[PDB]
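K.L.:
Contents of start-v5.pdb (PDB, C-alpha atoms) are below:
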```pdb
ATOM      1  CA  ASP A   6       6.054 -27.160  -3.502  1.00  0.00           C
ATOM      2  CA  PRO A   7       2.831 -28.315  -1.772  1.00  0.00           C
ATOM      3  CA  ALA A   8       4.269 -27.306   1.616  1.00  0.00           C
ATOM      4  CA  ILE A   9       4.146 -23.628   0.577  1.00  0.00           C
ATOM      5  CA  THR A  10       1.077 -23.596  -1.699  1.00  0.00           C
ATOM      6  CA  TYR A  11      -1.519 -25.704   0.120  1.00  0.00           C
ATOM      7  CA  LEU A  12      -3.404 -22.454   0.830  1.00  0.00           C
ATOM      8  CA  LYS A  13      -3.488 -21.376  -2.816  1.00  0.00           C
ATOM      9  CA  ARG A  14      -6.968 -22.704  -3.615  1.00  0.00           C
ATOM     10  CA  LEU A  15      -8.407 -20.275  -1.104  1.00  0.00           C
ATOM     11  CA  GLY A  16      -6.627 -17.114  -2.176  1.00  0.00           C
ATOM     12  CA  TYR A  17      -3.862 -16.828   0.416  1.00  0.00           C
ATOM     13  CA  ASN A  18      -0.138 -17.312   0.958  1.00  0.00           C
ATOM     14  CA  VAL A  19       1.192 -19.971   3.317  1.00  0.00           C
ATOM     15  CA  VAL A  20       3.198 -18.720   6.294  1.00  0.00           C
ATOM     16  CA  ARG A  21       5.981 -21.160   7.109  1.00  0.00           C
ATOM     17  CA  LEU A  22       6.212 -21.635  10.874  1.00  0.00           C
ATOM     18  CA  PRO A  23       2.970 -19.772  11.642  1.00  0.00           C
ATOM     19  CA  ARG A  24       3.486 -17.335  14.496  1.00  0.00           C
ATOM     20  CA  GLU A  25       1.790 -14.483  16.342  1.00  0.00           C
ATOM     21  CA  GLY A  26       2.125 -10.776  15.683  1.00  0.00           C
ATOM     22  CA  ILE A  27       1.872 -10.356  11.910  1.00  0.00           C
ATOM     23  CA  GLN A  28      -0.769  -7.679  11.369  1.00  0.00           C
ATOM     24  CA  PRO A  29      -1.800  -6.192   8.014  1.00  0.00           C
ATOM     25  CA  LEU A  30       0.230  -3.356   6.427  1.00  0.00           C
ATOM     26  CA  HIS A  31       3.334  -5.279   7.539  1.00  0.00           C
ATOM     27  CA  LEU A  32       5.209  -4.812   4.288  1.00  0.00           C
ATOM     28  CA  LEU A  33       7.606  -7.604   3.370  1.00  0.00           C
ATOM     29  CA  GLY A  34      10.192  -7.974   0.622  1.00  0.00           C
ATOM     30  CA  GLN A  35      10.644 -10.808  -1.870  1.00  0.00           C
ATOM     31  CA  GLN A  36      14.181 -10.767  -3.257  1.00  0.00           C
ATOM     32  CA  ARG A  37      16.827 -13.429  -3.891  1.00  0.00           C
ATOM     33  CA  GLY A  38      14.041 -16.033  -3.891  1.00  0.00           C
ATOM     34  CA  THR A  39      13.245 -15.565  -0.209  1.00  0.00           C
ATOM     35  CA  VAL A  40      10.474 -13.604   1.514  1.00  0.00           C
ATOM     36  CA  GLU A  41      11.453 -11.493   4.520  1.00  0.00           C
ATOM     37  CA  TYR A  42       9.548  -9.335   6.985  1.00  0.00           C
ATOM     38  CA  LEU A  43      10.393  -5.640   6.668  1.00  0.00           C
ATOM     39  CA  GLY A  44       8.634  -3.945   9.559  1.00  0.00           C
ATOM     40  CA  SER A  45       5.628  -1.665   9.470  1.00  0.00           C
ATOM     41  CA  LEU A  46       4.492   0.058   6.288  1.00  0.00           C
ATOM     42  CA  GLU A  47       4.794   3.574   7.724  1.00  0.00           C
ATOM     43  CA  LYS A  48       8.599   3.319   7.660  1.00  0.00           C
ATOM     44  CA  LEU A  49       8.521   3.244   3.850  1.00  0.00           C
ATOM     45  CA  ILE A  50       6.858   6.658   3.529  1.00  0.00           C
ATOM     46  CA  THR A  51       8.988   9.645   4.518  1.00  0.00           C
ATOM     47  CA  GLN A  52       5.982  11.484   6.010  1.00  0.00           C
ATOM     48  CA  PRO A  53       3.292   9.109   7.309  1.00  0.00           C
ATOM     49  CA  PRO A  54       0.119  11.206   7.482  1.00  0.00           C
ATOM     50  CA  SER A  55      -1.474  10.994  10.946  1.00  0.00           C
ATOM     51  CA  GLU A  56      -2.763   7.426  11.489  1.00  0.00           C
ATOM     52  CA  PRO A  57      -2.453   4.295   9.335  1.00  0.00           C
ATOM     53  CA  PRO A  58      -5.621   2.811   7.815  1.00  0.00           C
ATOM     54  CA  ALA A  59      -7.919   1.184  10.343  1.00  0.00           C
ATOM     55  CA  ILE A  60      -7.728  -2.593  10.722  1.00  0.00           C
ATOM     56  CA  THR A  61     -10.903  -4.604  11.190  1.00  0.00           C
ATOM     57  CA  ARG A  62     -10.290  -7.436  13.645  1.00  0.00           C
ATOM     58  CA  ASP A  63     -11.640 -10.851  14.641  1.00  0.00           C
ATOM     59  CA  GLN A  64     -13.762 -11.918  11.683  1.00  0.00           C
ATOM     60  CA  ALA A  65     -14.562 -15.621  11.504  1.00  0.00           C
ATOM     61  CA  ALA A  66     -13.795 -17.827   8.507  1.00  0.00           C
ATOM     62  CA  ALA A  67     -15.192 -21.248   9.621  1.00  0.00           C
ATOM     63  CA  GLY A  68     -11.816 -23.021   9.592  1.00  0.00           C
ATOM     64  CA  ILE A  69     -10.191 -25.139   6.903  1.00  0.00           C
ATOM     65  CA  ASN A  70      -8.768 -28.657   6.765  1.00  0.00           C
ATOM     66  CA  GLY A  71      -7.461 -30.667   3.850  1.00  0.00           C
ATOM     67  CA  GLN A  72      -4.488 -32.283   2.191  1.00  0.00           C
ATOM     68  CA  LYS A  73      -2.447 -32.178  -1.000  1.00  0.00           C
ATOM     69  CA  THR A  74      -0.422 -34.947  -2.612  1.00  0.00           C
ATOM     70  CA  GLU A  75       1.850 -35.394  -5.614  1.00  0.00           C
ATOM     71  CA  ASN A  76       4.304 -38.019  -6.809  1.00  0.00           C
ATOM     72  CA  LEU A  77       6.391 -38.430  -9.954  1.00  0.00           C
ATOM     73  CA  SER A  78       8.128 -41.690 -10.845  1.00  0.00           C
ATOM     74  CA  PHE A  79       9.927 -42.831 -13.978  1.00  0.00           C
ATOM     75  CA  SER A  80      12.428 -45.514 -14.976  1.00  0.00           C
ATOM     76  CA  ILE A  81      14.480 -45.355 -18.180  1.00  0.00           C
ATOM     77  CA  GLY A  82      16.347 -48.315 -19.641  1.00  0.00           C
ATOM     78  CA  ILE A  83      19.030 -48.034 -22.326  1.00  0.00           C
ATOM     79  CA  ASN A  84      20.460 -51.095 -24.070  1.00  0.00           C
ATOM     80  CA  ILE A  85      23.304 -51.346 -26.591  1.00  0.00           C
ATOM     81  CA  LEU A  86      23.820 -54.599 -28.493  1.00  0.00           C
ATOM     82  CA  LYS A  87      26.434 -53.723 -31.152  1.00  0.00           C
ATOM     83  CA  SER A  88      29.591 -51.680 -31.688  1.00  0.00           C
ATOM     84  CA  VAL A  89      27.910 -49.060 -33.954  1.00  0.00           C
ATOM     85  CA  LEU A  90      31.337 -47.373 -34.373  1.00  0.00           C
ATOM     86  CA  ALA A  91      30.996 -46.270 -30.715  1.00  0.00           C
ATOM     87  CA  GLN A  92      33.768 -48.131 -28.874  1.00  0.00           C
ATOM     88  CA  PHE A  93      33.023 -51.860 -28.556  1.00  0.00           C
ATOM     89  CA  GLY A  94      30.496 -53.208 -26.071  1.00  0.00           C
ATOM     90  CA  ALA A  95      28.751 -56.545 -26.550  1.00  0.00           C
ATOM     91  CA  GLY A  96      25.947 -55.568 -24.187  1.00  0.00           C
ATOM     92  CA  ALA A  97      25.728 -52.150 -22.522  1.00  0.00           C
ATOM     93  CA  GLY A  98      23.013 -51.617 -19.937  1.00  0.00           C
ATOM     94  CA  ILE A  99      21.757 -48.469 -18.204  1.00  0.00           C
ATOM     95  CA  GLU A 100      18.822 -48.405 -15.777  1.00  0.00           C
ATOM     96  CA  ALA A 101      17.939 -45.060 -14.176  1.00  0.00           C
ATOM     97  CA  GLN A 102      14.868 -45.039 -11.925  1.00  0.00           C
ATOM     98  CA  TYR A 103      13.849 -41.896 -10.039  1.00  0.00           C
ATOM     99  CA  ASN A 104      10.725 -41.454  -7.925  1.00  0.00           C
ATOM    100  CA  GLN A 105       9.723 -38.605  -5.623  1.00  0.00           C
ATOM    101  CA  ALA A 106       6.613 -37.986  -3.548  1.00  0.00           C
ATOM    102  CA  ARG A 107       5.360 -35.012  -1.541  1.00  0.00           C
ATOM    103  CA  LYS A 108       2.364 -34.757   0.770  1.00  0.00           C
ATOM    104  CA  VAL A 109       0.874 -32.046   2.986  1.00  0.00           C
ATOM    105  CA  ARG A 110      -1.927 -32.375   5.547  1.00  0.00           C
ATOM    106  CA  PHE A 111      -3.234 -29.168   7.114  1.00  0.00           C
ATOM    107  CA  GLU A 112      -6.019 -28.483   9.592  1.00  0.00           C
ATOM    108  CA  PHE A 113      -6.812 -25.111  11.185  1.00  0.00           C
ATOM    109  CA  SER A 114      -9.891 -24.779  13.381  1.00  0.00           C
ATOM    110  CA  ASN A 115     -11.477 -21.769  15.081  1.00  0.00           C
ATOM    111  CA  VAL A 116     -10.124 -19.392  12.449  1.00  0.00           C
ATOM    112  CA  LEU A 117     -10.410 -15.614  12.699  1.00  0.00           C
ATOM    113  CA  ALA A 118      -9.340 -13.043  10.130  1.00  0.00           C
ATOM    114  CA  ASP A 119      -8.330  -9.384  10.205  1.00  0.00           C
ATOM    115  CA  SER A 120      -7.773  -7.121   7.217  1.00  0.00           C
ATOM    116  CA  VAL A 121      -7.311  -3.578   5.944  1.00  0.00           C
ATOM    117  CA  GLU A 122      -8.814  -1.838   2.929  1.00  0.00           C
ATOM    118  CA  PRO A 123      -6.277  -1.563   0.074  1.00  0.00           C
ATOM    119  CA  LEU A 124      -8.025   1.619  -1.043  1.00  0.00           C
ATOM    120  CA  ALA A 125      -7.525   2.927   2.490  1.00  0.00           C
ATOM    121  CA  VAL A 126      -3.840   2.051   2.115  1.00  0.00           C
ATOM    122  CA  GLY A 127      -3.746   4.054  -1.108  1.00  0.00           C
ATOM    123  CA  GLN A 128      -5.416   7.015   0.588  1.00  0.00           C
ATOM    124  CA  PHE A 129      -2.851   6.785   3.390  1.00  0.00           C
ATOM    125  CA  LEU A 130      -0.086   6.772   0.782  1.00  0.00           C
ATOM    126  CA  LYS A 131      -1.500   8.897  -2.071  1.00  0.00           C
ATOM    127  CA  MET A 132       1.194  11.476  -2.847  1.00  0.00           C
ATOM    128  CA  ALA A 133       4.183  10.428  -0.739  1.00  0.00           C
ATOM    129  CA  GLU A 134       7.869  10.178  -1.604  1.00  0.00           C
ATOM    130  CA  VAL A 135       9.480   6.813  -0.901  1.00  0.00           C
ATOM    131  CA  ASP A 136      12.243   6.893   1.716  1.00  0.00           C
ATOM    132  CA  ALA A 137      15.474   6.028  -0.091  1.00  0.00           C
ATOM    133  CA  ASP A 138      17.671   6.812   2.934  1.00  0.00           C
ATOM    134  CA  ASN A 139      17.499   3.339   4.463  1.00  0.00           C
ATOM    135  CA  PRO A 140      19.573   0.877   2.390  1.00  0.00           C
ATOM    136  CA  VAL A 141      16.851  -1.784   2.669  1.00  0.00           C
ATOM    137  CA  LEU A 142      14.564   0.164   0.333  1.00  0.00           C
ATOM    138  CA  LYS A 143      17.531   1.250  -1.794  1.00  0.00           C
ATOM    139  CA  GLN A 144      17.656  -2.173  -3.447  1.00  0.00           C
ATOM    140  CA  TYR A 145      13.955  -2.070  -4.332  1.00  0.00           C
ATOM    141  CA  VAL A 146      14.280   1.492  -5.637  1.00  0.00           C
ATOM    142  CA  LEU A 147      16.841   0.156  -8.118  1.00  0.00           C
ATOM    143  CA  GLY A 148      14.627  -2.856  -8.826  1.00  0.00           C
ATOM    144  CA  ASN A 149      16.752  -5.473  -7.071  1.00  0.00           C
ATOM    145  CA  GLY A 150      13.659  -7.184  -5.668  1.00  0.00           C
ATOM    146  CA  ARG A 151       9.901  -6.960  -5.353  1.00  0.00           C
ATOM    147  CA  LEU A 152       7.924  -5.412  -2.505  1.00  0.00           C
ATOM    148  CA  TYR A 153       4.637  -6.595  -1.019  1.00  0.00           C
ATOM    149  CA  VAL A 154       2.203  -5.292   1.595  1.00  0.00           C
ATOM    150  CA  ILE A 155       0.098  -7.598   3.761  1.00  0.00           C
ATOM    151  CA  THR A 156      -3.583  -6.657   3.535  1.00  0.00           C
ATOM    152  CA  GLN A 157      -5.582  -9.570   4.975  1.00  0.00           C
ATOM    153  CA  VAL A 158      -4.337 -12.200   7.403  1.00  0.00           C
ATOM    154  CA  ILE A 159      -5.998 -15.171   9.087  1.00  0.00           C
ATOM    155  CA  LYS A 160      -5.114 -16.819  12.384  1.00  0.00           C
ATOM    156  CA  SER A 161      -6.196 -19.734  14.551  1.00  0.00           C
ATOM    157  CA  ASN A 162      -5.570 -20.923  18.098  1.00  0.00           C
ATOM    158  CA  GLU A 163      -5.836 -24.622  17.167  1.00  0.00           C
ATOM    159  CA  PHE A 164      -4.119 -26.100  14.136  1.00  0.00           C
ATOM    160  CA  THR A 165      -1.604 -28.612  12.822  1.00  0.00           C
ATOM    161  CA  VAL A 166       0.148 -29.120   9.490  1.00  0.00           C
ATOM    162  CA  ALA A 167       2.415 -32.046   8.602  1.00  0.00           C
ATOM    163  CA  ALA A 168       4.464 -32.278   5.409  1.00  0.00           C
ATOM    164  CA  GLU A 169       6.399 -35.231   4.011  1.00  0.00           C
ATOM    165  CA  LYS A 170       8.895 -35.362   1.158  1.00  0.00           C
ATOM    166  CA  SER A 171      10.764 -38.304  -0.327  1.00  0.00           C
ATOM    167  CA  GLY A 172      13.065 -38.846  -3.279  1.00  0.00           C
ATOM    168  CA  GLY A 173      14.840 -41.973  -4.465  1.00  0.00           C
ATOM    169  CA  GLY A 174      17.145 -42.577  -7.406  1.00  0.00           C
ATOM    170  CA  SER A 175      18.973 -45.648  -8.673  1.00  0.00           C
ATOM    171  CA  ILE A 176      21.411 -45.753 -11.598  1.00  0.00           C
ATOM    172  CA  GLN A 177      22.741 -49.161 -12.650  1.00  0.00           C
ATOM    173  CA  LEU A 178      25.426 -49.253 -15.344  1.00  0.00           C
ATOM    174  CA  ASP A 179      26.990 -52.319 -16.974  1.00  0.00           C
ATOM    175  CA  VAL A 180      29.694 -51.938 -19.641  1.00  0.00           C
ATOM    176  CA  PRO A 181      31.550 -55.228 -20.248  1.00  0.00           C
ATOM    177  CA  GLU A 182      33.983 -56.038 -23.085  1.00  0.00           C
ATOM    178  CA  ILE A 183      35.691 -52.803 -24.349  1.00  0.00           C
ATOM    179  CA  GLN A 184      38.845 -53.057 -26.476  1.00  0.00           C
ATOM    180  CA  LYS A 185      40.717 -53.747 -23.234  1.00  0.00           C
ATOM    181  CA  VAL A 186      39.700 -56.737 -21.141  1.00  0.00           C
ATOM    182  CA  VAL A 187      37.632 -54.917 -18.512  1.00  0.00           C
ATOM    183  CA  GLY A 188      34.178 -55.638 -17.133  1.00  0.00           C
ATOM    184  CA  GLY A 189      32.621 -52.419 -15.863  1.00  0.00           C
ATOM    185  CA  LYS A 190      29.695 -52.529 -13.455  1.00  0.00           C
ATOM    186  CA  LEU A 191      28.490 -49.955 -10.940  1.00  0.00           C
ATOM    187  CA  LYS A 192      25.230 -49.043  -9.228  1.00  0.00           C
ATOM    188  CA  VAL A 193      24.475 -45.811  -7.368  1.00  0.00           C
ATOM    189  CA  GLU A 194      21.494 -45.576  -5.020  1.00  0.00           C
ATOM    190  CA  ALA A 195      20.334 -42.405  -3.273  1.00  0.00           C
ATOM    191  CA  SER A 196      17.371 -41.808  -0.979  1.00  0.00           C
ATOM    192  CA  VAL A 197      16.235 -38.734   0.953  1.00  0.00           C
ATOM    193  CA  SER A 198      13.213 -38.315   3.223  1.00  0.00           C
ATOM    194  CA  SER A 199      11.973 -35.431   5.347  1.00  0.00           C
ATOM    195  CA  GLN A 200       9.023 -34.979   7.701  1.00  0.00           C
ATOM    196  CA  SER A 201       8.036 -31.661   9.277  1.00  0.00           C
ATOM    197  CA  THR A 202       5.049 -31.328  11.604  1.00  0.00           C
ATOM    198  CA  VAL A 203       4.108 -28.035  13.253  1.00  0.00           C
ATOM    199  CA  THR A 204       1.085 -27.843  15.552  1.00  0.00           C
ATOM    200  CA  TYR A 205      -0.436 -25.573  18.175  1.00  0.00           C
ATOM    201  CA  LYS A 206      -3.312 -25.870  20.640  1.00  0.00           C
ATOM    202  CA  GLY A 207      -2.933 -22.923  23.025  1.00  0.00           C
ATOM    203  CA  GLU A 208      -5.286 -20.010  23.525  1.00  0.00           C
ATOM    204  CA  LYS A 209      -3.109 -17.488  21.683  1.00  0.00           C
ATOM    205  CA  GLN A 210      -3.903 -16.518  18.094  1.00  0.00           C
ATOM    206  CA  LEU A 211      -1.195 -17.394  15.563  1.00  0.00           C
ATOM    207  CA  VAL A 212      -1.396 -16.140  11.985  1.00  0.00           C
ATOM    208  CA  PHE A 213      -0.894 -18.736   9.266  1.00  0.00           C
ATOM    209  CA  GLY A 214      -2.054 -17.124   6.011  1.00  0.00           C
ATOM    210  CA  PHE A 215      -2.113 -13.743   4.344  1.00  0.00           C
ATOM    211  CA  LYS A 216      -2.850 -11.830   1.154  1.00  0.00           C
ATOM    212  CA  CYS A 217      -0.147  -9.611  -0.340  1.00  0.00           C
ATOM    213  CA  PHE A 218      -0.876  -6.553  -2.465  1.00  0.00           C
ATOM    214  CA  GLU A 219       2.338  -5.935  -4.379  1.00  0.00           C
ATOM    215  CA  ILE A 220       3.682  -2.436  -3.903  1.00  0.00           C
ATOM    216  CA  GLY A 221       6.184  -1.115  -6.403  1.00  0.00           C
ATOM    217  CA  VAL A 222       8.408   1.914  -5.898  1.00  0.00           C
ATOM    218  CA  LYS A 223      10.677   1.527  -8.967  1.00  0.00           C
ATOM    219  CA  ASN A 224      12.518   4.837  -8.496  1.00  0.00           C
ATOM    220  CA  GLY A 225       9.608   6.430  -6.636  1.00  0.00           C
ATOM    221  CA  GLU A 226       6.752   5.570  -9.024  1.00  0.00           C
ATOM    222  CA  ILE A 227       4.577   3.927  -6.383  1.00  0.00           C
ATOM    223  CA  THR A 228       2.002   1.512  -7.798  1.00  0.00           C
ATOM    224  CA  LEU A 229      -0.294  -1.161  -6.373  1.00  0.00           C
ATOM    225  CA  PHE A 230      -0.714  -4.510  -8.124  1.00  0.00           C
ATOM    226  CA  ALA A 231      -2.472  -7.791  -7.425  1.00  0.00           C
ATOM    227  CA  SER A 232       0.117 -10.500  -6.747  1.00  0.00           C
ATOM    228  CA  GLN A 233      -0.640 -14.023  -7.946  1.00  0.00           C
TER     229      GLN A 233
END
```
Re-express the file's structure as structure tokens.

P.N.:
Amino acid sequence: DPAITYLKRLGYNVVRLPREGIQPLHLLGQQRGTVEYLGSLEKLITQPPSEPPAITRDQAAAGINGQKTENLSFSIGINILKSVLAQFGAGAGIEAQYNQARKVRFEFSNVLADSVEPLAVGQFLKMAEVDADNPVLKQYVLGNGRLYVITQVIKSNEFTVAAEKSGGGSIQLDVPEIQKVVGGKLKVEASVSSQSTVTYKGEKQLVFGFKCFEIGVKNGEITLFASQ
């Protein structure tokens, strides 16, 4: 969760594996839970009028560094001391402890930003039929998934972000006695950890955040919404 939303305070969307060559008006689709690049915006419109809206380039943003952290832990103990018409256990013990922790540390320096006017995008679109020929847009025409258009995007030539996730569970169960002479006892312990660090220090500019204006075709009724 923090690994994809650490750039939510400043209104932006985190780009996993930040790369180079993601300009504005690069419409992208969000369906089946995932977000996928879908080429340039002009492919969506059957008749793209002349030139796409102009893109202002190389605007500074003073860089951003910070971290986010969360952790949830809880242990529950259940004890049975009688029969209570539920089988027959002299002492029944259950101990379930689960604790997870996530952390993200990001730092992008020498940050530039390039954007496009959403009103200019609307003027470029205005009255324009959506291309339903390509099957990729066919799903969105029927409302299978949402559609978004990248308007602003920031980049940096020097940055690093490291995320850590951990989760540990332990279930101990003790059921002696029972009507048959059996002493039951079993403990299950599970632990998972994951660390992912992606950095860059070269001279090339790699985008790592963007703003998405949601576009909606919905059987051709093209509308522009603010996506939260």

K.L.:
Please evaluate the PyMOL selection byres ((chain A and resi 70-79) around 12) against the structure above and give the resulting residues as number ranges by chain.

P.N.:
A: 6-15, 67-69, 80-82, 100-116, 163-175

K.L.:
If you count only C-alpha atoms, which residues fall within 10 Å of residue 86 (chain A), apart from same-chain ones fewer than 4 positions away, as an mmCIF file with C-alpha atoms, keeping the file's coordinate frame?

P.N.:
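Output file result-v5.cif is given in full below:
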```
data_model
loop_
_atom_site.group_PDB
_atom_site.id
_atom_site.type_symbol
_atom_site.label_atom_id
_atom_site.label_comp_id
_atom_site.auth_asym_id
_atom_site.auth_seq_id
_atom_site.Cartn_x
_atom_site.Cartn_y
_atom_site.Cartn_z
ATOM 1 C CA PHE A 93 33.023 -51.860 -28.556
ATOM 2 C CA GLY A 94 30.496 -53.208 -26.071
ATOM 3 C CA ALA A 95 28.751 -56.545 -26.550
ATOM 4 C CA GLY A 96 25.947 -55.568 -24.187
ATOM 5 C CA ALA A 97 25.728 -52.150 -22.522
ATOM 6 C CA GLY A 98 23.013 -51.617 -19.937
#
```

K.L.:
List the spatial neighbours of residue 220 (chain A) as a PyMOL selection string - criterion: any atom at most 8 Å away, all atoms listed in the file, same-chain residues fewer than 4 positions off excluded.

P.N.:
chain A and resi 151-154+227-230

K.L.:
Just the residues within 12 Å of residue 139 (chain A), please, counting only C-alpha atoms, with nothing from its chain fewer than 4 positions along; format it as a PyMOL selection string.

P.N.:
chain A and resi 43+48-51+135+143-146

K.L.:
Pick out the residues sitting within 12 Å of residue 159 (chain A), and hand them over as JSON, numbers by chain; count only C-alpha atoms, and ignore anything fewer than 4 positions along from it in its own chain.

P.N.:
{"A": [12, 15, 16, 17, 18, 19, 20, 23, 24, 25, 26, 27, 28, 29, 61, 62, 63, 64, 65, 66, 67, 68, 69, 113, 114, 115, 116, 117, 118, 119, 120, 155, 210, 211, 212, 213, 214, 215, 216]}

K.L.:
So how many Å separate CA of residue 55 (chain A) and CA of residue 32 (chain A), to one decimal?

P.N.:
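Distance between the two atoms: 18.4 Å.
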
K.L.:
Please expand the PyMOL selection byres ((chain A and resi 123) around 9) into the concrete residues it hits in this file, giving the result as a PyMOL selection string.

P.N.:
chain A and resi 58+121-122+124-128+156+218+229

K.L.:
Tell me, in Å to one decimal, how far CA of residue 205 (chain A) is from CA of residue 34 (chain A).

P.N.:
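Going from CA of residue 205 (chain A) over to CA of residue 34 (chain A) covers 27.0 Å.
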
K.L.:
Nearest residue to residue 131 (chain A) out of A:35, A:233, A:52, A:196, using all atoms listed in the file?

P.N.:
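Of all the options, A:52 lies closest to residue 131 (chain A).
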
K.L.:
Just give me the gap between CA of residue 46 (chain A) and CA of residue 30 (chain A) in Å, one decimal is fine.

P.N.:
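Separation of CA of residue 46 (chain A) and CA of residue 30 (chain A): 5.5 Å.
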
K.L.:
Using all atoms listed in the file, which residue out of A:147, A:99, A:231, A:91 lies closest to residue 184 (chain A)?

P.N.:
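Nearest to residue 184 (chain A): A:91.
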
K.L.:
Have a look at A:22, A:217, A:158, A:176 and name the one nearest to residue 202 (chain A); count all atoms listed in the file.

P.N.:
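Smallest distance to residue 202 (chain A) is found for A:22.
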
K.L.:
Specify the axis-aligned box that encloses all atoms of region 118-134 of chain A listed in the file after padding of 6 Å on each side, stating its centre and edge lengths in Å to one decimal as lines of an AutoDock Vina configuration file.

P.N.:
```
center_x = -0.7
center_y = -0.8
center_z = 3.7
size_x = 29.2
size_y = 36.5
size_z = 25.1
```
